[PDB]
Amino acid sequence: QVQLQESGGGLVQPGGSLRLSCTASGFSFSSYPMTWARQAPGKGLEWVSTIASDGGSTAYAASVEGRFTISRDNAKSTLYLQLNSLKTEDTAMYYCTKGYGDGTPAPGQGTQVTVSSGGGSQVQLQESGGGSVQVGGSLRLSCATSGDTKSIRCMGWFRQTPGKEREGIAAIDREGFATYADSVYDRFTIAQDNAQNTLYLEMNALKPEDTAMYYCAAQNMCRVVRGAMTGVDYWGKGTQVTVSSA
């Protein structure tokens, strides 16, 4: 049974960003193309974007081309829509469907996106990609920035393990200049895709000492010493990374 559930909608101002998720169950999600469509008050269901089963092909409506990006994580049976540079006319209920745009959402589906000058000015950060890996292994963390993200000048990563002080480990500006804590240098890489409102932490050569809750952080004015941000304005809720040997 095909079961889809959208999330990540909300209220932003023009020029803001949102990241929609659609979690799939009850079918081989990775075998099928998937689609986002949207319905604005008193209008028909409009096709927005389609992505191939394997993620390697995409298509977009002319009205969103260059602003929205479809993606998927087949290991997590989840479909995403990154909504950058939001406009008032992007306001709609957004729906995920199996296939190419001929599918109809089931009752109960939908996440509301509202783009309004009357929305608040707020930033939200959300990490993902934590897991349990072996010593010497690799992991990639992501951080989605949503809301009024235009003010951000620098982003970075912190970590904290039970019993120890939080540690700032890497930071980066919009031009891509980065610094690192000595503890992670030449093992971890921070990268971004600010066109896509995403920050990454590529983690290689993992050690047990790397086991920690990892958090992303942002600020409106860059203040960093050796990878460690001070004067942090915004921060996420955390993703756990556990490095062990069995």
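Numbers for residues come from their place in the sequence shown, where the first is 1.
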Query raised in the report: With respect to the recorded C-alpha B factors, which stretch has the higher mean value, 78 to 86 or 129 to 137?
Result: 129 to 137
Requested in this report: Can you let me know which of the two, 34 to 42 or 52 to 60, has the higher average C-alpha B-factor in the entry?
Outcome: 34 to 42
Report task. Can you pull the Cα B-factors for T161, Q124, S71, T97 from the entry and say which is highest? Result -> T161
Report summary line: Among the modelled residues of its chain, the C-alpha B-factor of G176 falls in the third labelled middle
Report summary line: Of the three thirds of the chain ranked by Cα temperature factor, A92 occupies the middle
Report summary line: Chain thirds by Cα B factor, record data; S244 belongs to the highest
Query - Third of the chain's Cα B-factor distribution that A205 belongs to, per the entry - result: highest
Report summary line: Here the Cα B-factor of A106, set against its chain, lands in the third termed highest
